[PDB]
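Presented below is the structure to which this report refers.
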4 protein chains.
Amino acid sequence: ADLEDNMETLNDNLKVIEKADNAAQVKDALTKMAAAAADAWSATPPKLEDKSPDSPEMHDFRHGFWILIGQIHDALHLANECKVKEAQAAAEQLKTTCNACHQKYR
Amino acid sequence: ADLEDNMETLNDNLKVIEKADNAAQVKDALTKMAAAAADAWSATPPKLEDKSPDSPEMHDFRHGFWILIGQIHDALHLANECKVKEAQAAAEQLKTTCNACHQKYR
Amino acid sequence: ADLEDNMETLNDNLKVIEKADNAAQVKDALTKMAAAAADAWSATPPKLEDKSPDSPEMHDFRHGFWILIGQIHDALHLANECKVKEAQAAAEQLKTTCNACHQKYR
Amino acid sequence: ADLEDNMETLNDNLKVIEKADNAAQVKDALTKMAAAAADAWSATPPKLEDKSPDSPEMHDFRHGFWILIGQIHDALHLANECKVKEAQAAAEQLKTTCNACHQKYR
Ligand code: HEM
Ligand code: HEM
Ligand code: HEM
Ligand code: HEM
Ligand SMILES: *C1=CC(=O)N(CCN2C(=O)C=C(*)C2=O)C1=O
Ligand SMILES: *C1=CC(=O)N(CCN2C(=O)C=C(*)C2=O)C1=O
Ligand SMILES: [Zn+2]
Ligand SMILES: [Zn+2]
Ligand SMILES: [Zn+2]
Ligand SMILES: [Zn+2]
Ligand SMILES: [Zn+2]
Ligand SMILES: [Zn+2]
Ligand SMILES: [Zn+2]
Ligand SMILES: [Zn+2]
Ligand SMILES: [Zn+2]
Ligand SMILES: [Zn+2]
Ligand SMILES: [Zn+2]
Ligand SMILES: [Zn+2]
Ligand SMILES: [Zn+2]
């Protein structure tokens, strides 16, 4: 999958999580988010097509994904404990990371 | 320090960070934040005086601090990297965590 | 709690985990480790009594605790997920963090 | 890149790091390590071709990558901070993660 396309998988699963009823559903939604993040990992964003893979601005772009993945990692443990509402809140809270990268590189 | 006291330290240093000029100032403010968070970890909040240290709400209260500390850890690396504005935004973004716990347990 | 003493709580519970039988035992051992680390957080080590709270060396000493706490945080989730052996391995593996700090500052 | 291929990228850059002189070299090697880890994340290992992507076994295989990635993230901060030797030692210490997974699923 491509960048914008991974981003839509991130967006749709966030919606899936918000609305879910049970631990297995968030389980699965977060799992798909993790894969999408992992895929996005090496992608070059339109805004930075000029920059090299070594620039400060590529390094900082990627860093945003480390944060996201670490946060999906944690939400997933909460899910795996059947702290369903707790996992939804963590899912909701990670929008701060989405936003922080969008405001810089999108 | 007690829990309200640690919270003030957190709120104050956030202000310090927002307004700061150089890396050393942010470094220092985050460092104090990290100590306050570390101290607050063991505390019992008024709202849960009547629950047990082993409660769901106690295990979830504590968890918020691990999030915050992890996020202060990261912002500090940015500061140490002279990515000052980057560190200020990370500082800014962890109000998400502050708020999430306040809504629940304040 | 004073530093060496927190360290002994860290060492004793590591033994406890290594030998445990059930999830609840490891839960409790890791919980106590977490509190010990959180207390140790701000302590000044003998080797650095002449250094300032702001020095590079104090910052780097503190950093080691960030790592330990984040690793205890993770191991705890594994315990809470009834993945007992997985949690014992994670407990076993964070000896690397113990060691890395001892070799520098002990 | 395939699983075995990502593993060699991991092993090679570890060497590169061991032997390095300056921080850009470590920076660059860790960066490549993170991409390899990110790519590997989705892989199915030969030992579990017969289990399902939903298994206890697959969930636990994947978890090891999150650990490794989290550890590469941290070591990279150290590199970015010109704490070269510190970054080398962190690189070295994450062999504990490499080994833990190999003992289990290689
Ligand atoms: C976090 C969970 C997250 C979500 C959700 C998300 C979604 C998303 C949308 C909905 C878009 C709009 C693109 C469009 O054309 O409609 C979008 C675009 C970009 N994002 Fe994103 N995205 C999330 C996270 C992140 C993170 C963590 C980063 C940076 C590390 C990031 C970056 C970007 C970039 C760049 C784009 C634009 C890409 C382009 O080709 O125009 N996003 N994402
Ligand atoms: C995050 C950086 C954070 C900030 C900032 C913050 C601020 C803050 C203030 C200013 C108050 C008190 C206002 C008054 O007039 O008394 C306050 C109080 C509480 N907080 Fe807080 N706080 C932050 C973080 C967190 C986190 C992460 C938690 C839980 C995980 C948490 C909890 C609480 C609680 C409980 C109180 C009030 C308890 C009391 O004895 O009054 N805070 N915070
Ligand atoms: C990690 C899990 C960990 C263990 C285990 C550990 C053990 C330990 C002991 C048992 C002592 C004192 C022996 C006694 O009973 O008298 C001790 C002392 C020190 N440590 Fe340690 N320690 C662990 C973790 C860490 C970490 C993460 C750091 C660095 C940030 C660190 C450092 C030190 C230092 C310095 C001492 C000297 C204390 C003293 O003897 O006065 N340790 N440790
Ligand atoms: C950590 C940085 C790490 C290193 C280093 C590493 C090395 C490594 C080598 C050298 C091989 C040999 C491959 C070959 O046949 O040519 C290898 C293979 C496997 N590894 Fe690995 N590996 C590191 C990390 C990890 C982690 C985190 C896991 C699990 C989460 C893991 C597992 C495996 C598996 C499985 C193989 C075998 C693949 C195959 O032979 O088809 N490794 N690794
Ligand atoms: C979340 C709700 C629930 O019932 N379970 C099962 C209980 N459980 C443990 O206590 C440890 C593993 C486990 O399944 C949940 O995880
Ligand atoms: C803070 C970040 C920074 O880079 N510097 C000065 C020189 N320096 C680097 O540029 C990279 C490591 C290093 O010491 C700061 O003072
Ligand atoms: Zn689009
Ligand atoms: Zn957690
Ligand atoms: Zn106190
Ligand atoms: Zn004040
Ligand atoms: Zn970071
Ligand atoms: Zn002693
Ligand atoms: Zn002794
Ligand atoms: Zn984990
Ligand atoms: Zn590949
Ligand atoms: Zn092979
Ligand atoms: Zn081969
Ligand atoms: Zn191949
Ligand atoms: Zn760090």
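Just so we're on the same page: first chain in the structure tokens is A, next is B, and so on; residues restart at 1 for each chain, and ligands are numbered from 1 in the order they show up.
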
With all Cα atoms paired residue by residue, do a least-squares superposition of chain C on chain D and hand back the transformed coordinates as a tab-separated table (two decimals) with N, CA, C and O atoms, in the first residue's frame.
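For reference, out-v1.tsv as written:
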chain	number	residue	atom	x	y	z
C	1	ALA	N	12.09	-6.69	0.51
C	1	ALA	CA	12.68	-7.28	1.71
C	1	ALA	C	11.80	-8.40	2.26
C	1	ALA	O	10.60	-8.23	2.42
C	2	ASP	N	12.47	-9.45	2.64
C	2	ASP	CA	11.84	-10.65	3.03
C	2	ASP	C	12.59	-10.90	4.34
C	2	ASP	O	13.55	-10.19	4.63
C	3	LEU	N	12.13	-11.83	5.17
C	3	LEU	CA	12.52	-11.83	6.59
C	3	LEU	C	14.01	-11.96	6.93
C	3	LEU	O	14.58	-11.12	7.59
C	4	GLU	N	14.66	-13.01	6.40
C	4	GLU	CA	16.05	-13.41	6.72
C	4	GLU	C	16.98	-12.26	6.41
C	4	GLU	O	18.04	-12.04	7.01
C	5	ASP	N	16.57	-11.67	5.26
C	5	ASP	CA	17.15	-10.53	4.54
C	5	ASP	C	17.06	-9.25	5.35
C	5	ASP	O	18.05	-8.53	5.50
C	6	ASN	N	15.88	-8.97	5.92
C	6	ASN	CA	15.80	-7.90	6.91
C	6	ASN	C	16.75	-8.19	8.08
C	6	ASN	O	17.45	-7.31	8.55
C	7	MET	N	16.79	-9.44	8.50
C	7	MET	CA	17.65	-9.85	9.60
C	7	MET	C	19.12	-9.55	9.34
C	7	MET	O	19.85	-9.25	10.27
C	8	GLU	N	19.53	-9.62	8.07
C	8	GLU	CA	20.93	-9.47	7.69
C	8	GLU	C	21.25	-8.01	7.68
C	8	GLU	O	22.33	-7.61	8.05
C	9	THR	N	20.30	-7.19	7.26
C	9	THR	CA	20.41	-5.75	7.39
C	9	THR	C	20.54	-5.36	8.88
C	9	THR	O	21.20	-4.39	9.20
C	10	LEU	N	19.89	-6.12	9.77
C	10	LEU	CA	19.96	-5.83	11.21
C	10	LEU	C	21.35	-6.18	11.70
C	10	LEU	O	21.99	-5.39	12.37
C	11	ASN	N	21.81	-7.37	11.33
C	11	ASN	CA	23.14	-7.87	11.70
C	11	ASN	C	24.26	-6.99	11.13
C	11	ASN	O	25.16	-6.60	11.87
C	12	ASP	N	24.21	-6.66	9.84
C	12	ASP	CA	25.26	-5.82	9.22
C	12	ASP	C	25.40	-4.46	9.88
C	12	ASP	O	26.49	-3.98	10.12
C	13	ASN	N	24.29	-3.83	10.19
C	13	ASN	CA	24.40	-2.48	10.76
C	13	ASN	C	24.87	-2.42	12.23
C	13	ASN	O	25.43	-1.42	12.67
C	14	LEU	N	24.68	-3.52	12.90
C	14	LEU	CA	25.10	-3.70	14.24
C	14	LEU	C	26.61	-3.70	14.22
C	14	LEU	O	27.22	-2.98	14.93
C	15	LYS	N	27.19	-4.49	13.34
C	15	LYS	CA	28.62	-4.40	13.03
C	15	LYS	C	29.06	-2.99	12.64
C	15	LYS	O	30.05	-2.47	13.15
C	16	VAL	N	28.28	-2.34	11.85
C	16	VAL	CA	28.72	-1.07	11.48
C	16	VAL	C	28.83	-0.11	12.63
C	16	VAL	O	29.62	0.80	12.59
C	17	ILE	N	27.98	-0.27	13.63
C	17	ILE	CA	27.87	0.68	14.70
C	17	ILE	C	28.98	0.44	15.64
C	17	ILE	O	29.67	1.31	16.05
C	18	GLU	N	29.14	-0.81	15.94
C	18	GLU	CA	30.18	-1.27	16.78
C	18	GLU	C	31.50	-0.73	16.37
C	18	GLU	O	32.33	-0.65	17.17
C	19	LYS	N	31.71	-0.37	15.11
C	19	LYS	CA	33.02	-0.04	14.60
C	19	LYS	C	33.16	1.40	14.23
C	19	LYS	O	34.20	1.89	13.98
C	20	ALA	N	32.05	2.09	14.19
C	20	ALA	CA	31.99	3.44	13.71
C	20	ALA	C	32.90	4.44	14.37
C	20	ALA	O	33.52	4.18	15.36
C	21	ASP	N	32.95	5.64	13.81
C	21	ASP	CA	33.72	6.68	14.41
C	21	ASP	C	32.90	7.80	14.84
C	21	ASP	O	33.20	8.41	15.81
C	22	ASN	N	31.89	8.14	14.08
C	22	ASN	CA	31.21	9.37	14.35
C	22	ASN	C	29.72	9.23	14.41
C	22	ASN	O	29.16	8.28	13.91
C	23	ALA	N	29.09	10.21	15.03
C	23	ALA	CA	27.64	10.22	15.18
C	23	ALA	C	26.85	9.92	13.90
C	23	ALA	O	25.94	9.09	13.93
C	24	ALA	N	27.20	10.59	12.80
C	24	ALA	CA	26.46	10.44	11.55
C	24	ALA	C	26.45	9.01	11.05
C	24	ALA	O	25.51	8.58	10.40
C	25	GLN	N	27.48	8.25	11.36
C	25	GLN	CA	27.56	6.87	10.88
C	25	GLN	C	26.60	5.96	11.63
C	25	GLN	O	25.92	5.09	11.05
C	26	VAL	N	26.57	6.14	12.92
C	26	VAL	CA	25.65	5.41	13.71
C	26	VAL	C	24.24	5.87	13.37
C	26	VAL	O	23.44	5.04	13.20
C	27	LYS	N	23.97	7.16	13.24
C	27	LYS	CA	22.67	7.66	12.83
C	27	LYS	C	22.13	6.84	11.66
C	27	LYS	O	21.05	6.24	11.70
C	28	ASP	N	22.93	6.77	10.62
C	28	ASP	CA	22.53	6.11	9.42
C	28	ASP	C	22.34	4.65	9.59
C	28	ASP	O	21.40	4.11	9.09
C	29	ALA	N	23.21	4.00	10.32
C	29	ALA	CA	23.06	2.55	10.59
C	29	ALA	C	21.78	2.19	11.34
C	29	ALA	O	21.10	1.19	11.03
C	30	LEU	N	21.45	3.00	12.34
C	30	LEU	CA	20.25	2.78	13.14
C	30	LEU	C	19.01	3.04	12.32
C	30	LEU	O	18.07	2.26	12.35
C	31	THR	N	19.04	4.13	11.56
C	31	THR	CA	17.98	4.42	10.57
C	31	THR	C	17.66	3.23	9.68
C	31	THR	O	16.50	2.85	9.54
C	32	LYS	N	18.68	2.57	9.15
C	32	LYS	CA	18.45	1.41	8.29
C	32	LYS	C	17.94	0.22	9.08
C	32	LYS	O	17.16	-0.58	8.55
C	33	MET	N	18.41	0.07	10.31
C	33	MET	CA	17.88	-0.99	11.18
C	33	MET	C	16.39	-0.78	11.35
C	33	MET	O	15.63	-1.72	11.12
C	34	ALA	N	15.99	0.44	11.69
C	34	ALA	CA	14.59	0.83	11.90
C	34	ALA	C	13.64	0.44	10.75
C	34	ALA	O	12.50	-0.08	10.99
C	35	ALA	N	14.11	0.67	9.52
C	35	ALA	CA	13.38	0.32	8.31
C	35	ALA	C	13.29	-1.19	8.12
C	35	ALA	O	12.27	-1.72	7.63
C	36	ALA	N	14.35	-1.90	8.50
C	36	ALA	CA	14.36	-3.35	8.41
C	36	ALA	C	13.38	-3.97	9.39
C	36	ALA	O	12.64	-4.91	9.07
C	37	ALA	N	13.39	-3.46	10.60
C	37	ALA	CA	12.47	-3.94	11.61
C	37	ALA	C	11.05	-3.65	11.13
C	37	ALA	O	10.17	-4.51	11.13
C	38	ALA	N	10.83	-2.44	10.64
C	38	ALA	CA	9.47	-2.03	10.25
C	38	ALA	C	8.92	-2.90	9.13
C	38	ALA	O	7.76	-3.27	9.15
C	39	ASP	N	9.78	-3.25	8.17
C	39	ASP	CA	9.47	-4.21	7.11
C	39	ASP	C	9.26	-5.60	7.64
C	39	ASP	O	8.34	-6.27	7.20
C	40	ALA	N	10.11	-6.07	8.55
C	40	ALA	CA	9.98	-7.45	9.06
C	40	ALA	C	8.65	-7.65	9.78
C	40	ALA	O	8.18	-8.77	9.94
C	41	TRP	N	8.02	-6.53	10.09
C	41	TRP	CA	6.98	-6.46	11.10
C	41	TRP	C	5.89	-7.50	10.93
C	41	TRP	O	5.40	-8.05	11.86
C	42	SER	N	5.55	-7.77	9.71
C	42	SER	CA	4.39	-8.48	9.37
C	42	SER	C	4.70	-9.84	8.79
C	42	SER	O	3.81	-10.55	8.46
C	43	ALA	N	5.97	-10.18	8.71
C	43	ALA	CA	6.45	-11.43	8.14
C	43	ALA	C	6.08	-12.66	8.91
C	43	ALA	O	5.92	-12.62	10.06
C	44	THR	N	5.90	-13.77	8.23
C	44	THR	CA	5.60	-15.02	8.97
C	44	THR	C	6.84	-15.90	9.04
C	44	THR	O	7.45	-16.17	8.01
C	45	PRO	N	7.26	-16.28	10.27
C	45	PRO	CA	8.50	-17.04	10.36
C	45	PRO	C	8.27	-18.50	10.05
C	45	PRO	O	7.25	-19.07	10.46
C	46	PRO	N	9.23	-19.12	9.34
C	46	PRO	CA	9.19	-20.54	8.99
C	46	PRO	C	8.61	-21.43	10.10
C	46	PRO	O	7.71	-22.24	9.85
C	47	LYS	N	9.09	-21.25	11.33
C	47	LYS	CA	8.64	-22.06	12.45
C	47	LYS	C	7.14	-21.96	12.69
C	47	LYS	O	6.56	-22.83	13.31
C	48	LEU	N	6.51	-20.89	12.20
C	48	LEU	CA	5.08	-20.65	12.47
C	48	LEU	C	4.18	-20.63	11.23
C	48	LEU	O	3.06	-20.14	11.29
C	49	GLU	N	4.66	-21.16	10.11
C	49	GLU	CA	3.88	-21.19	8.87
C	49	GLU	C	2.51	-21.86	9.03
C	49	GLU	O	1.58	-21.50	8.31
C	50	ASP	N	2.39	-22.82	9.97
C	50	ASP	CA	1.11	-23.52	10.23
C	50	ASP	C	0.19	-22.79	11.23
C	50	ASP	O	-1.01	-23.09	11.36
C	51	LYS	N	0.74	-21.82	11.95
C	51	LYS	CA	-0.06	-21.04	12.88
C	51	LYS	C	-0.80	-19.91	12.13
C	51	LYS	O	-0.41	-19.48	11.04
C	52	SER	N	-1.92	-19.49	12.70
C	52	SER	CA	-2.76	-18.43	12.13
C	52	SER	C	-2.24	-17.01	12.49
C	52	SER	O	-1.58	-16.82	13.53
C	53	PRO	N	-2.52	-16.01	11.63
C	53	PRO	CA	-2.14	-14.63	11.96
C	53	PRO	C	-2.70	-14.12	13.30
C	53	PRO	O	-2.30	-13.06	13.76
C	54	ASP	N	-3.58	-14.90	13.92
C	54	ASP	CA	-4.29	-14.50	15.13
C	54	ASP	C	-3.80	-15.30	16.34
C	54	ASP	O	-4.22	-15.04	17.48
C	55	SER	N	-2.95	-16.28	16.09
C	55	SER	CA	-2.59	-17.22	17.15
C	55	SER	C	-1.85	-16.47	18.26
C	55	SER	O	-1.43	-15.33	18.06
C	56	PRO	N	-1.74	-17.08	19.45
C	56	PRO	CA	-0.85	-16.52	20.47
C	56	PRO	C	0.61	-16.40	19.99
C	56	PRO	O	1.33	-15.49	20.43
C	57	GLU	N	0.98	-17.23	19.06
C	57	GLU	CA	2.36	-17.32	18.75
C	57	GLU	C	2.74	-16.29	17.79
C	57	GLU	O	3.80	-15.72	17.90
C	58	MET	N	1.87	-16.02	16.86
C	58	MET	CA	2.03	-14.85	16.00
C	58	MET	C	1.97	-13.52	16.78
C	58	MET	O	2.78	-12.64	16.52
C	59	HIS	N	1.13	-13.40	17.68
C	59	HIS	CA	1.08	-12.16	18.49
C	59	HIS	C	2.39	-12.00	19.23
C	59	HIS	O	2.95	-10.91	19.27
C	60	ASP	N	2.84	-13.08	19.83
C	60	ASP	CA	4.10	-12.98	20.54
C	60	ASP	C	5.34	-12.77	19.70
C	60	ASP	O	6.29	-12.16	20.16
C	61	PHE	N	5.33	-13.27	18.48
C	61	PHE	CA	6.43	-13.03	17.55
C	61	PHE	C	6.52	-11.55	17.20
C	61	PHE	O	7.58	-10.96	17.23
C	62	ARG	N	5.39	-10.95	16.91
C	62	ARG	CA	5.27	-9.54	16.57
C	62	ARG	C	5.69	-8.62	17.68
C	62	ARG	O	6.28	-7.63	17.47
C	63	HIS	N	5.36	-8.99	18.87
C	63	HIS	CA	5.71	-8.23	20.04
C	63	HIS	C	7.20	-7.97	20.14
C	63	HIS	O	7.61	-6.94	20.62
C	64	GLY	N	8.01	-8.94	19.72
C	64	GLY	CA	9.45	-8.82	19.81
C	64	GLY	C	9.92	-7.66	18.97
C	64	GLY	O	10.88	-7.00	19.34
C	65	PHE	N	9.23	-7.40	17.85
C	65	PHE	CA	9.59	-6.29	16.96
C	65	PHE	C	9.26	-4.93	17.55
C	65	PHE	O	10.00	-3.99	17.33
C	66	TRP	N	8.20	-4.84	18.31
C	66	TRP	CA	7.83	-3.67	19.06
C	66	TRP	C	8.92	-3.27	20.00
C	66	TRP	O	9.32	-2.16	20.09
C	67	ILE	N	9.42	-4.24	20.70
C	67	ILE	CA	10.56	-4.00	21.57
C	67	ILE	C	11.80	-3.51	20.78
C	67	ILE	O	12.47	-2.56	21.19
C	68	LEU	N	12.13	-4.15	19.66
C	68	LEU	CA	13.33	-3.79	18.94
C	68	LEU	C	13.26	-2.37	18.41
C	68	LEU	O	14.24	-1.60	18.52
C	69	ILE	N	12.09	-2.03	17.87
C	69	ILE	CA	11.87	-0.72	17.27
C	69	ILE	C	11.94	0.37	18.33
C	69	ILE	O	12.54	1.44	18.09
C	70	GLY	N	11.38	0.10	19.51
C	70	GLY	CA	11.41	1.07	20.61
C	70	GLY	C	12.84	1.28	21.08
C	70	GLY	O	13.24	2.39	21.44
C	71	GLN	N	13.62	0.20	21.09
C	71	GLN	CA	15.04	0.32	21.45
C	71	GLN	C	15.87	0.99	20.35
C	71	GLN	O	16.80	1.72	20.64
C	72	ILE	N	15.53	0.78	19.08
C	72	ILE	CA	16.24	1.52	18.02
C	72	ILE	C	15.93	3.02	18.09
C	72	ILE	O	16.83	3.87	17.97
C	73	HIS	N	14.63	3.32	18.27
C	73	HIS	CA	14.14	4.66	18.54
C	73	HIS	C	14.98	5.36	19.59
C	73	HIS	O	15.43	6.48	19.37
C	74	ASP	N	15.16	4.72	20.75
C	74	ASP	CA	15.97	5.32	21.79
C	74	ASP	C	17.45	5.54	21.40
C	74	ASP	O	17.98	6.66	21.51
C	75	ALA	N	18.11	4.47	20.93
C	75	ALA	CA	19.49	4.58	20.48
C	75	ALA	C	19.66	5.73	19.50
C	75	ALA	O	20.59	6.52	19.62
C	76	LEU	N	18.73	5.87	18.55
C	76	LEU	CA	18.79	6.98	17.61
C	76	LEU	C	18.86	8.36	18.27
C	76	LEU	O	19.70	9.18	17.87
C	77	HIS	N	17.99	8.64	19.24
C	77	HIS	CA	18.09	9.88	20.03
C	77	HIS	C	19.48	10.10	20.62
C	77	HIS	O	20.05	11.16	20.44
C	78	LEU	N	20.06	9.08	21.29
C	78	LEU	CA	21.46	9.17	21.77
C	78	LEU	C	22.44	9.59	20.67
C	78	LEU	O	23.24	10.50	20.87
C	79	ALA	N	22.37	8.93	19.51
C	79	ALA	CA	23.15	9.36	18.35
C	79	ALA	C	22.90	10.85	18.03
C	79	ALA	O	23.84	11.66	18.10
C	80	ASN	N	21.67	11.23	17.79
C	80	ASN	CA	21.28	12.61	17.58
C	80	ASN	C	21.65	13.59	18.65
C	80	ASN	O	21.46	14.73	18.51
C	81	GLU	N	22.16	13.12	19.75
C	81	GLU	CA	22.56	13.94	20.85
C	81	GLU	C	24.06	13.98	20.92
C	81	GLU	O	24.60	14.51	21.83
C	82	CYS	N	24.73	13.36	19.97
C	82	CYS	CA	26.21	13.31	19.89
C	82	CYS	C	26.91	12.49	20.98
C	82	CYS	O	28.06	12.56	21.22
C	83	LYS	N	26.13	11.71	21.63
C	83	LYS	CA	26.52	10.69	22.58
C	83	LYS	C	26.73	9.38	21.93
C	83	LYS	O	26.02	8.46	22.14
C	84	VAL	N	27.79	9.33	21.17
C	84	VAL	CA	28.21	8.25	20.28
C	84	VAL	C	28.47	6.93	21.00
C	84	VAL	O	27.94	5.89	20.62
C	85	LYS	N	29.30	6.98	22.04
C	85	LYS	CA	29.60	5.77	22.80
C	85	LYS	C	28.32	5.28	23.46
C	85	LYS	O	28.05	4.09	23.45
C	86	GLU	N	27.53	6.20	23.99
C	86	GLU	CA	26.24	5.83	24.62
C	86	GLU	C	25.31	5.09	23.65
C	86	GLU	O	24.65	4.09	23.99
C	87	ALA	N	25.29	5.58	22.41
C	87	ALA	CA	24.50	4.95	21.34
C	87	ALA	C	25.04	3.60	20.92
C	87	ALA	O	24.24	2.68	20.67
C	88	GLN	N	26.35	3.44	20.86
C	88	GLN	CA	26.95	2.10	20.60
C	88	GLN	C	26.62	1.08	21.67
C	88	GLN	O	26.41	-0.08	21.38
C	89	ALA	N	26.63	1.50	22.93
C	89	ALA	CA	26.23	0.60	24.03
C	89	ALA	C	24.77	0.19	23.91
C	89	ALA	O	24.41	-0.96	24.16
C	90	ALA	N	23.92	1.13	23.51
C	90	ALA	CA	22.51	0.85	23.45
C	90	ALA	C	22.30	-0.13	22.29
C	90	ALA	O	21.54	-1.09	22.41
C	91	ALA	N	23.04	0.09	21.21
C	91	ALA	CA	23.07	-0.84	20.06
C	91	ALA	C	23.50	-2.21	20.49
C	91	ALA	O	22.82	-3.20	20.22
C	92	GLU	N	24.63	-2.28	21.20
C	92	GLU	CA	25.16	-3.52	21.76
C	92	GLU	C	24.13	-4.23	22.65
C	92	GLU	O	23.98	-5.44	22.57
C	93	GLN	N	23.43	-3.47	23.49
C	93	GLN	CA	22.47	-4.03	24.46
C	93	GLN	C	21.17	-4.61	23.88
C	93	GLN	O	20.46	-5.41	24.52
C	94	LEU	N	20.80	-4.19	22.68
C	94	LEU	CA	19.54	-4.69	22.15
C	94	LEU	C	19.69	-6.02	21.43
C	94	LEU	O	18.68	-6.55	20.94
C	95	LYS	N	20.91	-6.56	21.42
C	95	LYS	CA	21.19	-7.99	21.11
C	95	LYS	C	20.42	-8.91	22.03
C	95	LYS	O	20.07	-10.03	21.63
C	96	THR	N	20.17	-8.47	23.26
C	96	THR	CA	19.31	-9.25	24.17
C	96	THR	C	17.95	-9.52	23.54
C	96	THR	O	17.48	-10.65	23.62
C	97	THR	N	17.36	-8.51	22.88
C	97	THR	CA	16.07	-8.65	22.14
C	97	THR	C	16.20	-9.54	20.89
C	97	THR	O	15.31	-10.32	20.57
C	98	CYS	N	17.28	-9.37	20.14
C	98	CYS	CA	17.52	-10.27	19.02
C	98	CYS	C	17.47	-11.70	19.54
C	98	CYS	O	16.65	-12.52	19.10
C	99	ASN	N	18.33	-11.97	20.52
C	99	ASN	CA	18.48	-13.29	21.09
C	99	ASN	C	17.23	-13.87	21.63
C	99	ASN	O	17.00	-15.06	21.47
C	100	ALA	N	16.43	-13.06	22.32
C	100	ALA	CA	15.24	-13.59	22.99
C	100	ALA	C	14.23	-14.14	21.96
C	100	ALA	O	13.48	-15.11	22.24
C	101	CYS	N	14.14	-13.46	20.82
C	101	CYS	CA	13.21	-13.92	19.79
C	101	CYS	C	13.81	-15.16	19.07
C	101	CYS	O	13.10	-16.14	18.84
C	102	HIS	N	15.12	-15.14	18.77
C	102	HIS	CA	15.74	-16.27	18.07
C	102	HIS	C	15.55	-17.57	18.86
C	102	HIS	O	15.19	-18.61	18.29
C	103	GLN	N	15.59	-17.47	20.18
C	103	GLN	CA	15.62	-18.61	21.00
C	103	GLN	C	14.26	-19.22	21.08
C	103	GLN	O	14.08	-20.34	21.46
C	104	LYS	N	13.29	-18.47	20.64
C	104	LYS	CA	11.91	-18.88	20.71
C	104	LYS	C	11.41	-19.31	19.33
C	104	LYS	O	10.80	-20.37	19.18
C	105	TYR	N	11.70	-18.49	18.31
C	105	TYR	CA	11.02	-18.62	17.02
C	105	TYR	C	11.94	-18.89	15.85
C	105	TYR	O	11.48	-19.15	14.74
C	106	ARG	N	13.25	-18.82	16.07
C	106	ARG	CA	14.19	-19.01	14.98
C	106	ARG	C	14.41	-20.47	14.60
C	106	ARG	O	14.47	-21.33	15.47

Practice prompt. Among the residues of range 4-46 of chain D, find those DSSP assigns to helix (DSSP H, G or I) from the backbone and print them as a PyMOL selection string.
Written response: chain D and resi 4-19+23-40+46

Practice prompt. Grab the atom 36 (C, counted along the ligand's line) of ligand 1 to atom 1 (Zn, counted along the ligand's line) of ligand 15 distance for me, in Å with one decimal place.
Written response: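 Result for atom 36 (C, counted along the ligand's line) of ligand 1 versus atom 1 (Zn, counted along the ligand's line) of ligand 15: 22.0 Å, one decimal.
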